[PDB]
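Enquirer: Just dropping this structure here.
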Amino acid sequence: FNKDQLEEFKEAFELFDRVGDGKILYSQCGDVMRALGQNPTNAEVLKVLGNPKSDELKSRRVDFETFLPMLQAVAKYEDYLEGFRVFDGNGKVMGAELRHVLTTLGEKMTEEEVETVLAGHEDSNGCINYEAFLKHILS
Amino acid sequence: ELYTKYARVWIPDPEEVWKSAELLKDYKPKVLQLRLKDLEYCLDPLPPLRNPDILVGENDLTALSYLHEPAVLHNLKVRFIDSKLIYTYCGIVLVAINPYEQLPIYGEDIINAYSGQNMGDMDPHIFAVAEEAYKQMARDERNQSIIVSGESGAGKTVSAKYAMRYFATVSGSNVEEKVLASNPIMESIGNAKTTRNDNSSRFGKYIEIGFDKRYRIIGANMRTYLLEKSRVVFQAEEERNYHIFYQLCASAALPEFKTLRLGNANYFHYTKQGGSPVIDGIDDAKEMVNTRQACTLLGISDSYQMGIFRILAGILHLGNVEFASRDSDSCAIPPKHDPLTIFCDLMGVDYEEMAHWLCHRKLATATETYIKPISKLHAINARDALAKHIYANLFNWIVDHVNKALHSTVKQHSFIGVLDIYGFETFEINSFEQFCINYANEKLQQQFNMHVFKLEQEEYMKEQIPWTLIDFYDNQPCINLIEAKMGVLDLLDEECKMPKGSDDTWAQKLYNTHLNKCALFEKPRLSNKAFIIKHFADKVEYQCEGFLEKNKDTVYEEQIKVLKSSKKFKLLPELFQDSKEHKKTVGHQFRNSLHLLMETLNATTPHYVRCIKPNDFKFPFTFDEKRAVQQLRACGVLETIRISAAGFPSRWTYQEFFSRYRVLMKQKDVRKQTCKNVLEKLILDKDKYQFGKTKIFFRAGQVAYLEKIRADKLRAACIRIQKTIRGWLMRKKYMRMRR
Amino acid sequence: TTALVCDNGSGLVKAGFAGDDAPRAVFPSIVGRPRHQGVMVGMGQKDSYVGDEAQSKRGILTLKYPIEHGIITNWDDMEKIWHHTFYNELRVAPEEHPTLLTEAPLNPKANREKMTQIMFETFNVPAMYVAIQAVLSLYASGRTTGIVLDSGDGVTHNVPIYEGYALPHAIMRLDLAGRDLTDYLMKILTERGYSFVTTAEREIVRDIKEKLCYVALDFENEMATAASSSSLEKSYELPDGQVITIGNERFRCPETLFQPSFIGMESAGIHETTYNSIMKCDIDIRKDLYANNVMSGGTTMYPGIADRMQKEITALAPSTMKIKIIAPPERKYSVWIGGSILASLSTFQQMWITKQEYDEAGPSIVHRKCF
Amino acid sequence: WXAXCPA
Ligand SMILES: Nc1ncnc2c1ncn2[C@@H]1O[C@H](COP(=O)(O)OP(=O)(O)O)[C@@H](O)[C@H]1O
Ligand SMILES: Nc1ncnc2c1ncn2[C@@H]1O[C@H](COP(=O)(O)OP(=O)(O)O)[C@@H](O)[C@H]1O
Ligand SMILES: [Mg+2]
Ligand SMILES: [Mg+2]
């Protein structure tokens, strides 16, 4: 990161500080990384966080200077499309099935997150054009 | 190979035959860290391995990726306990577990739904195999048979009954209800109580349903085989002779019987001996009113029925006869004697004639006729053998007249046969009665193995694969141990001839002939008196102490001619009317009955049903591992899975294979042409997999390997999708904090 | 298939199938030839008669026995008897059925060799065996342990068997026999002025012996009493209706079994050979040989021979040891019945001497395998 | 026999 990048990232980090101490929580670190363009796994997020325990993940606060090496560490299409084509073969995906897999497999999310991401992308049959949904969610 | 962390394993355990385990840290090449609630676990010069959970609960036990006793046991357990599905398949062989409380499942709509369509398509059921018999009969014009086998109380008779209800409802033309109404008679004459349950059936019963050329049901014919009649004279502790004797004794207070002067059940030597005059579930006096109804409704006249009961009481009173010995050489009946007096007055025959002929035997050559005294021992043998002969001829006569009541004089294009027979058995004392049952199941499972082998050889012709991958276990070396000219049944029947014969000497004659001359015959380590036979199911140990006294039958012809001489009532000559046969011991009459039964089944292509009893205590609708493993081994299902595991147990249609694996494999390949590469891509060699014409054949484990790599890949896909949608959703949370 | 069992006494053939209860054929083992001029041209003619033919026609015939003292003395007569046995009497082809044959314990080996050779060469029976009669009587009587006294038309012999072991040094043979009771009986009937001087006539003597003989429970008493006054004297009908009357004498023939001094035989009577047989036996077994005395063979059939034996051997035994005698009423057959049992035992199927094994081995095999 | 007796 260059000085301009470091300034923009520090400013963004301070925007996420809801306590005024110039810090975010560990549990917000992932949210900040994603807001800054990273897509780390929970395992990767905990790793750059130092695999924190629940208590420090929810209440221990770190400033930008400690986050920055972690952001760097996290930073360092056709597969994504085939991954979506897994759930297809008419180029569609059931809304119910995508909802089920996102709320029941992997690092399970809440129904509201899935409803939020899925809103407006399924048609009358209840089919999602996944190439378009993928381009939309990657923008 | 594969044992890795978060894999699952089955561990052996004393309490329940296998327990679920999780593998906590990966294996590396003698000791494992497992979780169950933590134990380390150990290996000796590897543990069984567990099918992916979506296959568990699958419909046919052959389908499973890993085939072994834990998996079969679990797949039965969950399917019975949680899903309440009793019927299950292994290969062609249905498996049935008695729900032991009734269910909707047998209703007429299910009969209709099973009619007319492949049994592989529909869920497994007894109707499914019945329908396949009904189809194959018309498809081939070869008679079809069904074989139903298990422990006593496993549900053989009720499975037969539902096969009957299926035939009745499909064809629709009465024979059905007469067939059902025969059962109380055949129980009462033919069922018994044993140390492990009441209402064991000690004979093997075959119903022939015959058909019009258009396969409408004309009529029904009954046969019986392998009856066991030592039980009439001889009973072990807490056993009973056939129920009819107790029902009769219970009658005695009632005026019609009264002239028979029956005692209480303890009084007579035959009912006395087992020590269980009362039985906990049945009001025994009440039961026969059902027997006598069944006789009436099945065309046995009141004229005959009292003749039957007069013959049975005749047998009991005969049995109570008591012999005073004179000498080593000779014995006599005391000068006036009550249990022979009443016996003769029931039968009519002159007391002074029987008192002579019971005690002495005639022997003559045309110049010279001689009368010998015989010892008290041979006199007791003769008396008991006469009782067993009367009883066997009564049984045959009742079966004949039931047949006359079922038959119609209408002409038969083919038949389906439904057969109920005691299953292979082991108890922790075994004696000649049980040795016979085990030998009969040797023959039936010879037929079973030879048939299933032949059908896999035919399927590998139908879809082309070399024969060599098939080879099969055969039990002919054991039948040659039981039945050939120096087999156990032959050395046994020999000593019945021998001048002095005893278990101490018969055991020795076995050991001398067999003990180092075979690998299936072995001596139990701590006893001369017992011997062990390695049947297909198990090693079984038998005690010689029973055999020679149970083995022995000779009826002296005089005592029959003296009974035939009766004019008092006409049934008694009628039994005998219809020699070399009288000499034949029980072992020989059994061998020749089983040779008849096999002559009857070898005519026919069998189907199979197996019934297993969940638990000893008759608890409803619950399951105990420790019986079930033994039952499933005694059915040979476990050698069926072990052989199939040696082979290519899992069959896949190319279409379902495409459906499941397309999510794994790439659009670049487009459906056998896809598999041609993709299967070598994923699996090292054709030795793992055959391509048949319309099917694919896997060595067992490989399908689990497929499922594992598929699930790992799909988890990777879903994880990346979630993380991608989280990234932009978090950019939305950023835009909300800006707002 | 089922073996044949065929027993040659001197005095009868007894034949039938293995596992049959009693022999299917019995007939005197006697061959007759016509001696007189045949007058009637176009009447039947035969070179020989066998069995119940020679019985039915005896007056016209020289009757001769092929067997003398369990030795087959000329072979064409014997061959003709066996031929009549298998084909005419039993109607069985021998080629289909194996055969079991019977012999006295000490007679010459040449008897066994010829008896084998004729069976394989002439009839081609599938398999053959030969058995010592005293062994068979134990099978017949349901015992493993006993001393058997067995006495036929031509031979009397003792064989002690303890618990399935025969004991060959023990074994004794006498030639007092039914034929040589009869040959005495004629000579003493001459004392009453009857004479029976041809073999056809001699059989009448044998019918006398069978019907009217009996054994003196003690001999000097009745020899005094009947000579003093005779109630006992009893009278018999010859075939032409002559009545002939026999007194004290009818016991005097059975007594020859107990006193061969009458005939001039060296030996002691059967009781003293029975005792000397047990005395040859080891003292450990003797207690059980004394109890299981088995009487066997038709010469034992004379009424009272059982009790005369039980009495007279008791005098020789020590009082502490006790004597029991077993004479079942069928005992004449018993040597055949024991063969019926033996031939049917499944273990026996190894025992047999087989057409292949003979064809390789030579007829000497019967000594080696059979015993 | 052959010696001590006639048969
Ligand atoms: N399919 C079934 N549905 C309901 N009850 C059953 C079933 N099978 C068995 N039973 C119960 O178990 C009992 C024992 O089986 P049954 O066939 O009568 O004895 P066996 O198998 O020795 O002939 C039956 O009488 C019935 O009470
Ligand atoms: N009922 C009888 N009473 C006395 N002597 C008999 C009787 N039957 C046969 N005999 C005699 O015994 C001899 C036949 O006995 P048997 O046992 O047939 O001899 P073998 O066994 O050698 O043929 C003949 O001498 C005959 O006279
Ligand atoms: Mg039943
Ligand atoms: Mg004899």
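By convention in this document, the chains of the structure tokens carry letters A, B, ... by their order, each chain's residues are numbered from 1, and ligands are numbered from 1 in the order they are shown.
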Distance limit 9 Å, atoms considered: only C-alpha atoms. Which chain C residues sit that close to chain D? Return them as a list in words.

Expert: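 Every residue meeting the condition is included here: residues 67, 68, 69, 70, 71, 72, 73, 107 and 108 of chain C.
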
Enquirer: Name the residues of range 157-376 of chain B that fall into strand (DSSP E or B) according to DSSP on the backbone, using the chain letters and numbers of this document, as a PyMOL selection string.

Expert: chain B and resi 191-193+200-201+204-211+217-225+240+324-325+331-332+360-365+368-373

Enquirer: I need the residues from that last selection saved to file as a short mmCIF file (atom, residue, chain, number, x, y, z; two decimals), in the first residue's frame (with N, CA, C and O atoms), if you can.

Expert:
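Saved to selection.cif:
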```cif
data_model
loop_
_atom_site.label_atom_id
_atom_site.label_comp_id
_atom_site.auth_asym_id
_atom_site.auth_seq_id
_atom_site.Cartn_x
_atom_site.Cartn_y
_atom_site.Cartn_z
N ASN B 191 -47.47 -77.80 15.90
CA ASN B 191 -46.68 -76.82 16.63
C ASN B 191 -46.41 -77.26 18.06
O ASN B 191 -47.11 -78.10 18.63
N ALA B 192 -45.38 -76.66 18.63
CA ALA B 192 -44.76 -77.14 19.86
C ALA B 192 -44.21 -75.95 20.62
O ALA B 192 -44.12 -74.84 20.09
N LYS B 193 -43.82 -76.19 21.86
CA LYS B 193 -43.21 -75.17 22.70
C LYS B 193 -41.79 -75.58 23.04
O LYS B 193 -41.53 -76.73 23.40
N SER B 200 -43.43 -72.69 18.28
CA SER B 200 -42.56 -73.14 17.21
C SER B 200 -43.31 -74.13 16.34
O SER B 200 -44.18 -74.87 16.81
N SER B 201 -42.98 -74.16 15.05
CA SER B 201 -43.56 -75.13 14.13
C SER B 201 -42.49 -76.13 13.73
O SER B 201 -41.48 -75.76 13.12
N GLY B 204 -42.42 -78.72 8.05
CA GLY B 204 -42.26 -77.78 6.97
C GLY B 204 -43.41 -77.91 6.01
O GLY B 204 -43.70 -79.00 5.52
N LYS B 205 -44.07 -76.80 5.71
CA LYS B 205 -45.43 -76.79 5.19
C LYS B 205 -45.40 -76.08 3.86
O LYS B 205 -44.88 -74.97 3.76
N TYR B 206 -45.98 -76.70 2.84
CA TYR B 206 -45.90 -76.18 1.49
C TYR B 206 -47.31 -76.12 0.93
O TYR B 206 -48.02 -77.13 0.91
N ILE B 207 -47.70 -74.94 0.47
CA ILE B 207 -49.01 -74.70 -0.13
C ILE B 207 -48.79 -74.54 -1.62
O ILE B 207 -48.02 -73.67 -2.05
N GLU B 208 -49.47 -75.35 -2.41
CA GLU B 208 -49.49 -75.16 -3.85
C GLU B 208 -50.77 -74.45 -4.24
O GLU B 208 -51.87 -74.98 -4.02
N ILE B 209 -50.63 -73.26 -4.81
CA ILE B 209 -51.74 -72.55 -5.44
C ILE B 209 -51.68 -72.81 -6.93
O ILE B 209 -50.68 -72.50 -7.58
N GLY B 210 -52.76 -73.36 -7.49
CA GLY B 210 -52.73 -73.72 -8.89
C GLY B 210 -53.52 -72.75 -9.74
O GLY B 210 -54.35 -72.00 -9.22
N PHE B 211 -53.28 -72.75 -11.05
CA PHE B 211 -53.78 -71.69 -11.90
C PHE B 211 -54.42 -72.24 -13.16
O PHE B 211 -53.99 -73.26 -13.71
N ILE B 217 -57.16 -68.38 -10.18
CA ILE B 217 -56.81 -69.34 -9.13
C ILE B 217 -57.90 -70.40 -9.01
O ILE B 217 -59.03 -70.11 -8.62
N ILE B 218 -57.54 -71.64 -9.35
CA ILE B 218 -58.52 -72.72 -9.43
C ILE B 218 -58.74 -73.36 -8.06
O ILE B 218 -59.87 -73.73 -7.71
N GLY B 219 -57.69 -73.49 -7.26
CA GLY B 219 -57.68 -74.43 -6.16
C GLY B 219 -56.32 -74.47 -5.51
O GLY B 219 -55.33 -73.97 -6.05
N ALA B 220 -56.28 -75.08 -4.32
CA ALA B 220 -55.09 -75.12 -3.49
C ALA B 220 -54.82 -76.52 -2.98
O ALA B 220 -55.74 -77.27 -2.66
N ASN B 221 -53.54 -76.87 -2.91
CA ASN B 221 -53.08 -78.19 -2.51
C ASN B 221 -51.98 -78.04 -1.47
O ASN B 221 -51.12 -77.16 -1.60
N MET B 222 -52.00 -78.90 -0.46
CA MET B 222 -51.10 -78.77 0.68
C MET B 222 -50.19 -79.98 0.77
O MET B 222 -50.60 -81.11 0.49
N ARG B 223 -48.95 -79.73 1.18
CA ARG B 223 -47.99 -80.78 1.44
C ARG B 223 -47.27 -80.45 2.74
O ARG B 223 -47.20 -79.28 3.14
N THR B 224 -46.71 -81.47 3.38
CA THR B 224 -45.88 -81.25 4.55
C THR B 224 -44.69 -82.19 4.49
O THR B 224 -44.76 -83.26 3.90
N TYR B 225 -43.61 -81.76 5.12
CA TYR B 225 -42.34 -82.46 5.05
C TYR B 225 -41.63 -82.34 6.38
O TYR B 225 -41.99 -81.52 7.23
N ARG B 240 -42.53 -78.94 25.37
CA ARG B 240 -43.81 -79.64 25.36
C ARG B 240 -43.91 -80.47 24.09
O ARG B 240 -43.40 -80.09 23.04
N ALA B 324 -42.92 -104.36 33.96
CA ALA B 324 -42.15 -105.02 35.00
C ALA B 324 -41.18 -105.98 34.33
O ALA B 324 -41.59 -106.83 33.53
N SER B 325 -39.91 -105.86 34.66
CA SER B 325 -38.91 -106.77 34.14
C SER B 325 -38.90 -108.09 34.91
O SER B 325 -39.14 -108.13 36.12
N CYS B 331 -39.32 -109.54 29.99
CA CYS B 331 -40.13 -108.64 30.80
C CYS B 331 -41.58 -109.05 30.64
O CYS B 331 -41.89 -110.00 29.92
N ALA B 332 -42.46 -108.37 31.35
CA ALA B 332 -43.88 -108.70 31.33
C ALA B 332 -44.67 -107.46 31.71
O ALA B 332 -44.13 -106.48 32.21
N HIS B 360 -43.73 -109.56 23.67
CA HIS B 360 -42.93 -110.47 22.86
C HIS B 360 -42.93 -110.01 21.41
O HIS B 360 -43.76 -109.19 20.99
N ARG B 361 -42.00 -110.55 20.62
CA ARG B 361 -42.02 -110.33 19.19
C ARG B 361 -41.96 -111.66 18.45
O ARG B 361 -41.30 -112.60 18.89
N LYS B 362 -42.69 -111.72 17.34
CA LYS B 362 -42.70 -112.87 16.45
C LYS B 362 -41.56 -112.78 15.45
O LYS B 362 -41.15 -111.69 15.04
N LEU B 363 -41.05 -113.94 15.05
CA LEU B 363 -40.16 -114.03 13.90
C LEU B 363 -40.29 -115.42 13.31
O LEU B 363 -40.24 -116.41 14.04
N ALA B 364 -40.44 -115.49 11.98
CA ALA B 364 -40.76 -116.76 11.35
C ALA B 364 -40.09 -116.93 9.99
O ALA B 364 -39.87 -115.96 9.26
N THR B 365 -39.80 -118.18 9.68
CA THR B 365 -39.40 -118.63 8.35
C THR B 365 -40.27 -119.83 7.99
O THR B 365 -40.72 -120.57 8.86
N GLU B 368 -40.76 -122.68 10.03
CA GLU B 368 -40.65 -122.55 11.48
C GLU B 368 -41.06 -121.16 11.91
O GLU B 368 -40.59 -120.17 11.34
N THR B 369 -41.87 -121.06 12.96
CA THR B 369 -42.24 -119.76 13.49
C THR B 369 -41.97 -119.72 14.98
O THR B 369 -42.31 -120.65 15.72
N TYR B 370 -41.35 -118.63 15.41
CA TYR B 370 -40.67 -118.52 16.69
C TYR B 370 -41.16 -117.26 17.37
O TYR B 370 -41.45 -116.26 16.72
N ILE B 371 -41.25 -117.31 18.69
CA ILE B 371 -41.63 -116.15 19.47
C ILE B 371 -40.56 -115.95 20.53
O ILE B 371 -40.30 -116.85 21.33
N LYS B 372 -39.96 -114.78 20.53
CA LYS B 372 -38.92 -114.36 21.44
C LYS B 372 -39.50 -113.47 22.52
O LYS B 372 -40.35 -112.63 22.24
N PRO B 373 -39.08 -113.62 23.77
CA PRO B 373 -39.16 -112.50 24.70
C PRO B 373 -38.13 -111.44 24.34
O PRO B 373 -37.10 -111.72 23.73
#
```

Enquirer: Distance limit 6 Å, reference ligand 2, atoms considered: only C-alpha atoms and all ligand atoms. Which residues make the cut? Give them as a list in words.

Expert: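 Final answer, ordered by chain and number: residues 9, 10, 11, 12, 152, 153, 154, 178, 179, 206, 210, 297, 298, 299, 301, 302 and 332 of chain C.
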
Enquirer: Please identify the residues whose atoms come within 8 Å of ligand 3, using only C-alpha atoms and all ligand atoms, and report them as a VMD selection string.

Expert: chain B and resid 152 to 153 155 to 158 187 191 199 to 201 420

Enquirer: Excluding residue 79 in chain A and residues on its chain fewer than 2 positions from it, collect all residues at most 12 Å away from it, counting only C-alpha atoms, and give them as an mmCIF file with C-alpha atoms, in the first residue's frame.

Expert:
```cif
data_model
loop_
_atom_site.group_PDB
_atom_site.id
_atom_site.type_symbol
_atom_site.label_atom_id
_atom_site.label_comp_id
_atom_site.auth_asym_id
_atom_site.auth_seq_id
_atom_site.Cartn_x
_atom_site.Cartn_y
_atom_site.Cartn_z
ATOM 1 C CA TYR A 77 -13.818 -15.784 -13.010
ATOM 2 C CA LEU A 81 -18.826 -19.328 -12.879
ATOM 3 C CA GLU A 82 -18.514 -23.110 -12.879
ATOM 4 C CA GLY A 83 -19.087 -23.001 -9.126
ATOM 5 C CA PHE A 84 -22.398 -21.306 -9.830
ATOM 6 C CA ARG A 85 -23.056 -23.730 -12.725
ATOM 7 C CA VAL A 86 -22.896 -26.450 -10.068
ATOM 8 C CA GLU A 131 -23.885 -15.435 -14.853
ATOM 9 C CA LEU A 134 -22.297 -13.355 -10.423
ATOM 10 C CA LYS B 666 -16.798 -30.482 -16.653
ATOM 11 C CA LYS B 713 -15.633 -29.829 -4.000
ATOM 12 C CA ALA B 716 -15.418 -25.336 -1.633
ATOM 13 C CA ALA B 717 -17.893 -23.901 -4.144
ATOM 14 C CA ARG B 720 -16.465 -19.181 -2.076
ATOM 15 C CA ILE B 721 -20.018 -18.126 -3.026
#
```

Enquirer: Within 8 Å of residue 155 in chain C, counting only C-alpha atoms, which residues qualify if same-chain residues fewer than 6 places away don't, as a list in words?

Expert: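 Within the cut-off, the hits are residues 69, 70, 104, 173, 174, 175, 176 and 177 of chain C.
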
Enquirer: Sorted by chain and rising residue number, list the residues of chain B at most 10 Å from chain A (counting only C-alpha atoms), each with its closest atom pair and distance in Å to one decimal, as a tab-separated table.

Expert:
```
residue	atom	partner	partner_atom	distance
B:662	CA	A:86	CA	8.5
B:663	CA	A:86	CA	5.3
B:664	CA	A:86	CA	7.9
B:665	CA	A:86	CA	9.6
B:666	CA	A:82	CA	8.5
B:667	CA	A:82	CA	9.1
B:713	CA	A:83	CA	9.2
B:714	CA	A:86	CA	7.9
B:715	CA	A:106	CA	5.9
B:716	CA	A:106	CA	8.1
B:717	CA	A:83	CA	5.2
B:718	CA	A:106	CA	6.3
B:719	CA	A:106	CA	5.5
B:720	CA	A:80	CA	7.9
B:721	CA	A:80	CA	7.8
B:722	CA	A:102	CA	6.7
B:723	CA	A:39	CA	5.9
B:724	CA	A:39	CA	6.3
B:725	CA	A:137	CA	6.2
B:726	CA	A:34	CA	7.2
B:727	CA	A:34	CA	4.4
B:728	CA	A:137	CA	6.5
B:729	CA	A:117	CA	7.3
B:730	CA	A:35	CA	5.2
B:731	CA	A:35	CA	4.3
B:732	CA	A:35	CA	7.9
B:733	CA	A:35	CA	7.9
B:734	CA	A:35	CA	6.3
B:735	CA	A:35	CA	9.1
B:737	CA	A:16	CA	7.6
B:738	CA	A:15	CA	8.0
```

Enquirer: Export, as a short mmCIF file (atom, residue, chain, number, x, y, z; two decimals), in the first residue's frame, the selected residues with C-alpha atoms.

Expert:
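again07.cif, freshly written:
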```cif
data_model
loop_
_atom_site.label_atom_id
_atom_site.label_comp_id
_atom_site.auth_asym_id
_atom_site.auth_seq_id
_atom_site.Cartn_x
_atom_site.Cartn_y
_atom_site.Cartn_z
CA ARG B 662 -22.11 -34.04 -13.72
CA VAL B 663 -21.87 -31.58 -10.83
CA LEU B 664 -18.32 -32.92 -10.41
CA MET B 665 -17.28 -33.20 -14.07
CA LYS B 666 -16.80 -30.48 -16.65
CA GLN B 667 -18.90 -29.24 -19.58
CA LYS B 713 -15.63 -29.83 -4.00
CA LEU B 714 -19.20 -28.60 -3.47
CA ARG B 715 -18.28 -27.27 -0.02
CA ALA B 716 -15.42 -25.34 -1.63
CA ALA B 717 -17.89 -23.90 -4.14
CA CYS B 718 -20.45 -22.86 -1.55
CA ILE B 719 -17.80 -21.35 0.74
CA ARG B 720 -16.47 -19.18 -2.08
CA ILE B 721 -20.02 -18.13 -3.03
CA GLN B 722 -20.84 -17.09 0.55
CA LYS B 723 -17.61 -15.14 0.87
CA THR B 724 -18.24 -13.33 -2.42
CA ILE B 725 -21.74 -12.25 -1.42
CA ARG B 726 -20.48 -11.26 2.05
CA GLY B 727 -17.92 -8.93 0.45
CA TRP B 728 -20.47 -6.77 -1.35
CA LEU B 729 -22.99 -7.07 1.49
CA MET B 730 -20.29 -5.62 3.76
CA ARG B 731 -19.83 -2.80 1.27
CA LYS B 732 -23.57 -2.24 1.82
CA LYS B 733 -22.98 -2.16 5.57
CA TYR B 734 -20.30 0.46 4.88
CA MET B 735 -22.81 2.51 2.88
CA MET B 737 -22.70 3.43 8.31
CA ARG B 738 -22.13 6.35 5.94
#
```

Enquirer: Could the residues of chain C within 7 Å of chain B, counting only C-alpha atoms, be given as a PyMOL selection string, please?

Expert: chain C and resi 22-23+139+142-144+329-330+341+345-346

Enquirer: May I have the residues from that selection written out with C-alpha atoms, as a PDB file, in the first residue's frame?

Expert:
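Below you can see part17.pdb, which holds the result:
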```pdb
ATOM      1  CA  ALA C  22     -35.015-114.537   8.785  1.00  0.00           C
ATOM      2  CA  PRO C  23     -33.643-116.585   5.895  1.00  0.00           C
ATOM      3  CA  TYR C 139     -23.908-110.242  16.575  1.00  0.00           C
ATOM      4  CA  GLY C 142     -26.793-108.638  20.803  1.00  0.00           C
ATOM      5  CA  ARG C 143     -23.557-109.123  22.747  1.00  0.00           C
ATOM      6  CA  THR C 144     -19.981-107.937  22.490  1.00  0.00           C
ATOM      7  CA  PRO C 329     -35.367-120.232  20.979  1.00  0.00           C
ATOM      8  CA  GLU C 330     -34.229-119.124  17.512  1.00  0.00           C
ATOM      9  CA  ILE C 341     -26.558-107.797  10.774  1.00  0.00           C
ATOM     10  CA  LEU C 345     -23.261-102.380   8.865  1.00  0.00           C
ATOM     11  CA  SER C 346     -22.043 -99.322   6.973  1.00  0.00           C
TER      12      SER C 346
END
```

Enquirer: For range 108-110 of chain B, list every protein, DNA or RNA residue within 10 Å, evaluated using only C-alpha atoms, and leave out those in the same chain fewer than 6 positions away; present the list as a tab-separated table (two decimals) with N, CA, C and O atoms, in the first residue's frame.

Expert:
```tsv
chain	number	residue	atom	x	y	z
B	125	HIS	N	-41.15	-55.05	-0.51
B	125	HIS	CA	-42.30	-55.52	0.25
B	125	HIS	C	-42.51	-56.98	-0.12
B	125	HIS	O	-42.00	-57.45	-1.14
B	127	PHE	N	-45.39	-58.12	-1.02
B	127	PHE	CA	-46.16	-58.02	-2.25
B	127	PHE	C	-45.26	-57.92	-3.46
B	127	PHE	O	-45.61	-58.41	-4.53
B	165	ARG	N	-53.08	-63.53	0.63
B	165	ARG	CA	-53.98	-62.40	0.41
B	165	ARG	C	-53.64	-61.64	-0.86
B	165	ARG	O	-54.54	-61.21	-1.59
B	166	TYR	N	-52.35	-61.55	-1.19
B	166	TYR	CA	-51.96	-60.94	-2.46
B	166	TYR	C	-52.43	-61.76	-3.65
B	166	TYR	O	-52.99	-61.20	-4.61
B	169	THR	N	-56.22	-61.36	-4.03
B	169	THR	CA	-56.69	-60.06	-4.49
B	169	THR	C	-56.31	-59.79	-5.94
B	169	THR	O	-57.08	-59.15	-6.67
B	170	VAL	N	-55.15	-60.27	-6.39
B	170	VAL	CA	-54.79	-60.08	-7.79
B	170	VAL	C	-55.67	-60.93	-8.71
B	170	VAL	O	-56.20	-60.43	-9.70
```

Enquirer: Counting only C-alpha atoms, which residue out of C:287, C:157, C:58, C:64 sits closest to residue 103 in chain C?

Expert: C:157

Enquirer: Excluding range 197-202 of chain C and any residue of its chain fewer than 5 positions from it, enumerate the residues within 8 Å of it, using only C-alpha atoms, and give them as a tab-separated table (two decimals) with N, CA, C and O atoms, in the first residue's frame.

Expert:
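The resulting file, selection30.tsv, is reproduced below:
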```tsv
chain	number	residue	atom	x	y	z
C	58	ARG	N	-36.47	-139.28	-2.21
C	58	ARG	CA	-35.23	-139.86	-1.70
C	58	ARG	C	-35.15	-141.37	-1.91
C	58	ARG	O	-34.06	-141.90	-2.15
C	59	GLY	N	-36.28	-142.08	-1.83
C	59	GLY	CA	-36.24	-143.53	-1.94
C	59	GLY	C	-35.57	-144.03	-3.20
C	59	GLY	O	-34.95	-145.10	-3.20
C	61	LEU	N	-33.10	-142.58	-4.76
C	61	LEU	CA	-31.87	-141.85	-4.95
C	61	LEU	C	-30.80	-142.32	-3.97
C	61	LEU	O	-31.09	-142.67	-2.83
C	62	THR	N	-29.55	-142.31	-4.44
C	62	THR	CA	-28.40	-142.20	-3.55
C	62	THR	C	-28.24	-140.74	-3.15
C	62	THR	O	-27.93	-139.89	-3.99
C	63	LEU	N	-28.44	-140.45	-1.87
C	63	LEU	CA	-28.22	-139.11	-1.33
C	63	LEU	C	-26.82	-139.03	-0.75
C	63	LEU	O	-26.40	-139.89	0.02
C	64	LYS	N	-26.08	-137.98	-1.13
C	64	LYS	CA	-24.76	-137.74	-0.60
C	64	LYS	C	-24.60	-136.27	-0.23
C	64	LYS	O	-25.12	-135.40	-0.93
C	182	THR	N	-26.33	-139.22	14.75
C	182	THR	CA	-27.20	-140.10	13.96
C	182	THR	C	-26.53	-141.43	13.61
C	182	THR	O	-27.15	-142.50	13.72
C	186	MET	N	-28.39	-145.05	14.71
C	186	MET	CA	-28.68	-146.29	13.98
C	186	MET	C	-28.11	-147.52	14.68
C	186	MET	O	-28.80	-148.54	14.86
```

Enquirer: How many Å lie between CA of residue 53 in chain A and CA of residue 25 in chain A, rounded to one decimal?

Expert: 12.4 Å
